[PDB]
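Read off the chains here:
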Amino acid sequence: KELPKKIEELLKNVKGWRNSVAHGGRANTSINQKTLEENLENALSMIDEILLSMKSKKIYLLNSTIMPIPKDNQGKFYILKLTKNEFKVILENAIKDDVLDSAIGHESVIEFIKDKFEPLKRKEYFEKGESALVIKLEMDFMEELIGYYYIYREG
Amino acid sequence: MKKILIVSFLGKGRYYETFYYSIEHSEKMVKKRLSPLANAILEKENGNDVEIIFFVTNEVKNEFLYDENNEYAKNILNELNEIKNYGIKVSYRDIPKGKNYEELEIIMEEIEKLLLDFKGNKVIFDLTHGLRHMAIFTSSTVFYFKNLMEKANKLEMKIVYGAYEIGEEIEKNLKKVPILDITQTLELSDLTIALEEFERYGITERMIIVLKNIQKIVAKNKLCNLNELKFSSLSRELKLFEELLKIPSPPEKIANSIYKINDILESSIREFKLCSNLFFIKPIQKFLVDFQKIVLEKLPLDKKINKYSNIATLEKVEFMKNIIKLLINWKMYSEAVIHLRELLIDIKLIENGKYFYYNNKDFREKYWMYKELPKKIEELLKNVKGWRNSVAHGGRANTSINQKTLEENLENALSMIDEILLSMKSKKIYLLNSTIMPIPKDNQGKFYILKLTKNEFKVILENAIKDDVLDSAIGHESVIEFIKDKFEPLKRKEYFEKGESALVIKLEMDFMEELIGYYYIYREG
């Protein structure tokens, strides 16, 4: 697995000269404009490299804010508010990577799903590491929340 | 089949004929002249290989045994000659009379070399015949011989003799004499050996071995049953307790082990009380009484700790205080320092209300590093951290410490901890009914959750009740039904600000019994 090694290459390169700019050049460790230009174009070249070179665990699908850990677990959880576009993107990423464990328990949810976004496995669990998506509450009145509260257990 | 050696002396005497019986089995009586011969016959009738060795003196054998006009001598000679007919092996060994300590040393060497050259299973000292002198000296020296040859031959050793002075008299000069077995006196001092070992160091080796022997001998006669003897269980629990102490372990298992030890101890003592004998009952009753004294003395009890295994409380603080005192007493200093560190961690968790993560280590570290009582607790923290690393880092780089100054520092910690424990005598806490993270819609969040037991649930619930700091949010009714049916404000409102703490439960009620408090929840972000 090489791309981690190339990214570490770039990391070590950049960290090799950042502190001259960061710390004001005290203790005989400053730099001219010429070598700083040198280093900056080093970073430019490597970043364009790895950007061109950069071209999915089980992700369950929920419908409310929850932390259901297995009853034998001793846990830390992160949650973040989101917008609807990000919601749609990662949702279809789960759809067509086979990594979706959908857990929608009722029906009008799917009605709004296909009415807005273009598997009703009503089963209750959250293992530490699994990532999942959430939404909470005709539809025009609603318009007057649609994707948010992405949820993941770091423990 | 076992191989067996009988050792006796052979002195001048009349050697009257005697009906020897084992006092255990009065059925089998053997009429002979020598108690060793009777014992050998009783053992060959058990399908064993038996040999007898006599210690004779020049004064005895060339003045008594082969004096052909001493009737008693020729009687005993004829018996010693017919011993070979029963299938028993007889031999003679010269010794002095033992008139001084040098000759007694010689005799000790002779016995010791015999026991080393024996290659069988059992050795029996038959003290019936010979000088009173020799019987007394051998009886005194037998325990030394056993302790000597524990690591030499792995040899079973018995002490028996025909107590002819207390024998029934059936006919003229004819006596029914019991072969008494005082081997139980050998392992009478092993009892106190175990007591000192445990009382001063907490070593269970002697205790486990003695308890196993005790259960054997109480199983000799079957009047006493199990389901409350469980001395096997007590020995196993002592083994577990030593493994738990010399390898540092959480307070929960230590309190459970102490509770188990107490329960099994009193149960087994009450059970043993009803057994009426065939051996010395009183000394082992004293043994159990003394061990219960030491257990209730040096092992701190708290019958109701195991119910709070997931959190940090003050009861655990005092329990570990007593545990570290015990560890200091048993000269187990390193383990004591290690336990002190975590006790201090728990105390500052109590003082800062961050006690949700007694099962999370990142939090433990993050507040291992980052209004007077805070200042006194910092006093104690700085004191302890001023000398912990001498123990922790092995004393390299010229920074070790003797036992005297370490005792100094440990009692410093003891005094300050008892101080602040005596001196230590509530935000808004909502009430929920399911696992959730409802953050206000304008928030960007980190959340901690911990499984709990029902008692902790009840405790913090009433803490919220009578501190005015409860924002109860139960939305339906049967929840309150179970609440008052089990635990002795239905504000159905939907929010979780970063910092608020709350309680949760998820699913007549007997079936249920066949979860009730868990999943305490708090937003650190």
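Residues numbered from 1 in each chain as written, not as in the entry; some residues may be left out. Chains lettered and ligands numbered in written order. Part of a larger assembly, values for the part shown. Heavy atoms only, no water. Residues with missing side-chain atoms left out of burial classes, pairs and counts.

- Method of determination, as annotated in the archive: X-ray crystallography, at 3.65 Å resolution.

**Description of the overall build of chain A**
Step number 1: Looking only at helices and strands, chain A has 6 helices and 5 strands in total.
Step number 2: Listing every helix and strand of chain A by position from the N terminus yields α-α-α-β-β-α-β-α-β-α-β.
Step number 3: In terms of overall size, chain A is more extended than a compact globule, its C-alpha atoms giving a radius of gyration of 23 Å where 155 residues would be expected to give roughly 15 Å.
Step number 4: Principal axes of the C-alpha set define a box for chain A whose edges measure 65 × 40 × 30 Å. (Helix = DSSP H or I, 4+ residues; strand = E, 2+ residues; numbered from the N terminus. Rg over C-alpha atoms; globule rule 2.2 N^0.38 Å.)

**Here we look at a nonpolar patch on the surface**
All names here are of chain A.
Step number 1: Together, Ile7, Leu11, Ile47, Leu51 and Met54 give the surface a local cluster of nonpolar side chains, amounting to about 450 Å² of exposed area.
Step number 2: Mapped by element, the contributors of at least two residues to the nonpolar patch are α1 (3-15) and α3 (33-53).
Step number 3: Within the secondary structure, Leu11 is located in helix α1.
Step number 4: A relative accessible area of 41% means that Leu11 is categorised as partly exposed. (Patch = residues over 30% accessible without salt bridge, like charges linked within 9 Å, V, L, I, M, F, W, Y side chains within 5 Å. Areas by Shrake-Rupley, 256 points an atom, 1.4 Å probe, with all protein chains shown as cover. Salt bridge = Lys/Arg side-chain N within 4 Å of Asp/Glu carboxyl O. Buried < 20%, exposed > 50% of the residue type's maximum accessible area, 1.4 Å probe, protein only.)

**Thoughts on the sheet that holds strand β12 (residues 470-472) of chain B**
Step number 1: Spatially, the 10 strands line up as an open sheet ordered β3(A)-β1(A)-β4(A)-β5(A)-β2(A)-β11(B)-β14(B)-β13(B)-β10(B)-β12(B), and their pairing is mixed. In this open sheet, the two strands that pair with only one neighbour each are β3 (100-102) of chain A together with β12 of chain B. The mean inter-strand angle of the sheet, taken between neighbouring strand axes irrespective of direction, is 25°.
Step number 2: In terms of strand pairing, strand β1 (residues 59-61) of chain A meets strand β4 (residues 131-134) of chain A through 3 bridges, oriented parallel. Looking at the pairing, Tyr60 of chain A lines up with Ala132 of chain A of β4 of chain A.
Step number 3: Contacting β1, β3, β4 and β5 (148-152) of chain A, helix α4 (residues 84-95) of chain A runs over the sheet at an angle of about 110° to β1 of chain A. (Pairing = 2+ DSSP bridges. Axes fitted to C-alpha atoms, helices over the stretch in contact; angles between N-to-C directions. Contact = heavy atoms within 4.5 Å.)

**What about the pattern of salt bridges?**
Residue and element names in this part refer to chain B.
Step number 1: Scanning the model with the defined rule gives 27 salt bridges over all chains in all.
Step number 2: With a closest N to O distance of 2.9 Å, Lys61 and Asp94 form a salt bridge. Highlighted residues: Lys61 in helix α2 (residues 58-65) and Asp94 in strand β5 (residues 89-94), separated in sequence by 33 residues.
Step number 3: A residue is classified by how much of its surface remains accessible, and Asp94, at 48% relative accessible area, is partly exposed.
Step number 4: The salt bridge partner of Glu407 is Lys331, with a shortest N-O separation of 3.9 Å.
Step number 5: For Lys331, a relative accessible area of 39% translates into the label partly exposed.

**Description of the interface of chain A and chain B**
Step number 1: On the chain B side, the residues contacting the 18 residues of chain A number 18 residues.
Step number 2: Considering each element in turn, the side of chain A that touches chain B owes the most residues, 5 residues, to strand β2 (residues 76-80) of chain A.
Step number 3: Looking at the side of chain A that touches chain B residue by residue, the classes come out as 11 nonpolar, 4 polar and 3 charged. (Nonpolar A, V, L, I, M, F, W, Y, C, P; charged D, E, K, R; others polar.)

**Overview of the side chain of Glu252 of chain B**
Residues and elements named next belong to chain B.
Step number 1: Summarising the element assignment, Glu252 is placed in helix α9 (residues 251-273).
Step number 2: Among buried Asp, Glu, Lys and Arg side chains, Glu252 stands out as unpaired, with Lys316 the closest opposite charge at 4.2 Å.
Step number 3: The residues contacting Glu252, other than those within four sequence positions of it, are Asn306, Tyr308, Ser309, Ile311 and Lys316. (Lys, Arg positive; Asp, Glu negative; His and termini not counted.)

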